[PDB]
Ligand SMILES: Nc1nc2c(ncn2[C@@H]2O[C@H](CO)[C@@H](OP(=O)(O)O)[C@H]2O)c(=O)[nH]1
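Here's a solo chain for you in structure tokens, the form deposited without the named molecule.
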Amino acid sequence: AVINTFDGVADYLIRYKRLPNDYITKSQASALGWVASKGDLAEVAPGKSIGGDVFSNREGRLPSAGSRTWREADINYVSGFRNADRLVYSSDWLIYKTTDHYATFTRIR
């Protein structure tokens, strides 16, 4: 029923091992008419947020382990241009948040 908060999404991921249904990847959003320069996601895909893309971790800012990969999701998105809030979650269920567009991270699960 639009789950887009840090706790809501984190607890959903832990329980169901997937993002809630209001999440679409960037390429899926594009297929629906999203253009980042227009800030139009809420108009072309009402109620949806960007999430599920691979998060590279190439800079090692998040902890690394053999066979661990990471994905990201937008948090608190309502409309217009994307914001600064993200959840980043690993394949072994570590969950980190950022509220400054990936400058700093805090573990929440």
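Heads up: residue numbers just count along the shown sequence, starting at 1.
Stretch comparison (87 to 95 versus 21 to 29) by mean CA B-factor in the PDB entry places 87 to 95 on top. The deposited model assigns a higher average Cα B-factor to 35 to 43 than to the other stretch when 35 to 43 and 72 to 80 are compared. Annotation for residue 9: CA B-factor lies in the lowest third of the chain's modelled residues.
Separately, the form solved in complex with the named molecule exists; it is not shown, and the next lines address it.
Within 2.4 Å of any backbone or C-beta atom of the shown chain, none of the atoms of the named molecule lands once it is superimposed from its position in the entry with it bound; the pocket counts as open.
If you check the named molecule in the entry with it bound, you find a heavy atom from every one of 59, 86 and 102 within 4.5 Å.
Contact annotation for residue 78: none of its heavy atoms lies within 4.5 Å of the named molecule in the entry with it bound.
In the entry with it bound, the named molecule sits within 4.5 Å of a heavy atom of residue 53. Taking the partner from the other structure, the named molecule in the entry with it bound has a heavy atom within 4.5 Å of a heavy atom of residue 26. The named molecule is not shown here, and in the entry with it bound it never comes within 4.5 Å of any heavy atom of residue 68.
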